[PDB]
Number of protein chains: 2
Amino acid sequence: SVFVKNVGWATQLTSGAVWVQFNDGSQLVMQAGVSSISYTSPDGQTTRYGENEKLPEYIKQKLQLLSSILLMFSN
Amino acid sequence: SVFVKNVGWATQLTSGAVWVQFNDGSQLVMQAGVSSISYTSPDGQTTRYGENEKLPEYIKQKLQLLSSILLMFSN
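As a numbering rule, every chain is indexed from 1 in the order its sequence is written, which need not reproduce the entry's residue numbers; residues that lack coordinates are not presented. Whichever chain is written first becomes A and whichever ligand is written first becomes 1, with later ones labelled in order. Each side-chain value is worked out from all heavy atoms of the structure, with water and hydrogens disregarded.

- For this deposition, the record names X-ray crystallography as the technique by which the model was determined and cites 2.0 Å as its resolution.

**What to know about a nonpolar patch on the surface**
- Residues form patches when they are more than 30% accessible in relative terms and have no salt bridge. Like charges link within 9 Å. Nonpolar side chains (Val, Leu, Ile, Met, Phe, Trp, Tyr) link within 5 Å. Here the accessible surface of atoms and residues is derived via Shrake-Rupley with a 1.4 Å probe, and residues count as covered only by protein chains that are part of the display. Should a side-chain nitrogen of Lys or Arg be within 4 Å of a carboxyl oxygen of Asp or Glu, the pair is scored as a salt bridge. A cluster of nonpolar side chains, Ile69(A), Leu71(A) and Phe73(A), forms an exposed patch at the surface whose accessible area comes to about 360 Å².
- Think of it this way: any DSSP run of H or I at least four residues long counts as a helix, any run of E at least two long counts as a strand, and we number them from the N terminus. Relative to the assigned elements, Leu71(A) resides in strand 5 (residues 69–73).

**Overview of the nonpolar core**
- By size, the foremost hydrophobic cluster in this structure holds 12 residues: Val34(A), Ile37(A), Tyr39(A), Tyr49(A), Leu55(A), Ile59(A), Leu63(A), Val7(B), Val20(B), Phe22(B), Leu28(B) and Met30(B).
- Residue assignment for this core shows that the elements contributing at least two residues are strand 3 (27–40) and helix 1 (57–63) of chain A together with strand 2 (15–22) and strand 3 (27–40) of chain B.
- Ignoring any residue separated from it by four or fewer positions in sequence, one finds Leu28(B) in contact with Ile37(A), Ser38(A), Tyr39(A), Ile59(A), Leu63(A), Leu66(A), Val18(B), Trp19(B), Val20(B) and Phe22(B).
- Throughout this description, the term nonpolar core refers to a set of buried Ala, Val, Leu, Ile, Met, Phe, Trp, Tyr and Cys residues connected via side-chain atoms within 4.5 Å. We call a residue buried when its accessible area falls under 20% of the maximum for its residue type, exposed when it is over 50%, and partly exposed in between, using a 1.4 Å probe and counting protein chains only. Core analysis: the second largest hydrophobic core is formed by 10 residues, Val20(A), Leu28(A), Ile37(B) and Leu55(B) among them. We call two residues in contact whenever any of their non-hydrogen atoms come within 4.5 Å of each other.

**Looking at the side chain of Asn6(B)**
Residues and elements named next belong to chain B.
- The residue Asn6 is located in strand 1 (residues 4–11) in this model.
- Residues adjacent in sequence count toward polar contacts only when both atoms are side-chain atoms; beyond that, a polar contact is any pair of N or O atoms within 3.5 Å, and within protein one must be able to donate a hydrogen and the other to accept it. Separated by 3.5 Å, the side chain of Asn6 and the backbone nitrogen of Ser74 make a polar contact.
- The contacts of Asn6, once residues within four sequence positions are left out, are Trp19, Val20, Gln21, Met72, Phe73 and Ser74.

**Focus on the layout of surface pockets**
- Quantified by volume, the largest pocket comes out at close to 1,100 Å³.
- Broken down by secondary-structure element, the contributors of at least two residues to the lining of the largest pocket are strand 1 (4–11), strand 2 (15–22), strand 3 and strand 5 of chain A together with strand 1, strand 2, strand 3 and strand 5 (69–73) of chain B.
- Considering each element in turn, the lining of the largest pocket owes the most residues, 6 residues, to strand 1 of chain B.
- Basically, the charged four are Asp, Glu, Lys and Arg, the nonpolar ten are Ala, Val, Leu, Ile, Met, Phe, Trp, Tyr, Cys and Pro, and anything else, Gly included, counts as polar. In the lining of the largest pocket, the residues fall into 28 nonpolar, 17 polar and 1 charged. In the cavity and pocket records, a cavity denotes points on a 1 Å grid over the protein atoms alone where a 1.4 Å probe fits but cannot get out, a pocket denotes an open set with protein on both sides within 12 Å along at least 5 of 7 lines, and lining residues are residues with an atom within 4 Å of a point. Grid points are joined across faces, edges and corners, and a volume is the space filled by probe spheres set on the points.

**Some words on the pairing of strand 4 (residues 46–50) of chain A**
Residues and elements named next belong to chain A.
- Here strand 3 pairs with strand 4 via 5 bridges, running antiparallel. Bridge pairing in strand 4 places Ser36 opposite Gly50.
- The rule for pairing is simple: two strands pair if DSSP sees at least two bridges between them. The loop that links strand 3 with its antiparallel partner strand 4 comprises 5 residues; one of these, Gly44, has a positive phi angle of about 90 degrees.

**Remarks on the relation of the copies chain A and chain B**
- Each copy is laid over the others by a least-squares fit that uses only its C-alpha atoms. If you rotate chain A by 179 degrees and push it 0.0 Å along the axis, it lands on chain B with an RMSD of 0.5 Å. Accordingly, the operation relating the two chain copies is best matched by a two-fold axis. Proximity to the rotation axis, assessed at the C-alpha, singles out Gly33(A) in chain A; its C-alpha lies 2.6 Å from the axis.

So this is what it looks like as structure tokens:
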């Protein structure tokens, strides 16, 4: 049967790339992006930002807390 | 001082949503999608697909193995 063997990703602020290697030796490399961000402030107010809207700095700084690189392999 | 407290996502075939809760109580809900796929066969041949192209069934089948729902909370 076919199953995932190794997976990895590298993300930035609103986009990222994912890699996957299957047991048959094949591989997929994909690039992805955020189309909308709905931010709910601690005060309960919600604001939506479309892909073509500039993001205020405080949202960018929180997005940066999410940026990461991950590599996982079956052992 | 600001940090990620809880994070989660739900992905389907080529799309997904990510949720994040910070320690200050604010929340981000982001809609995302794969915009390009690069498949490398076991023999090393690469075929690329863009947003305006349809994916073959054997590629989709492999995409389905990636679909997940993840919830992570600080304990």
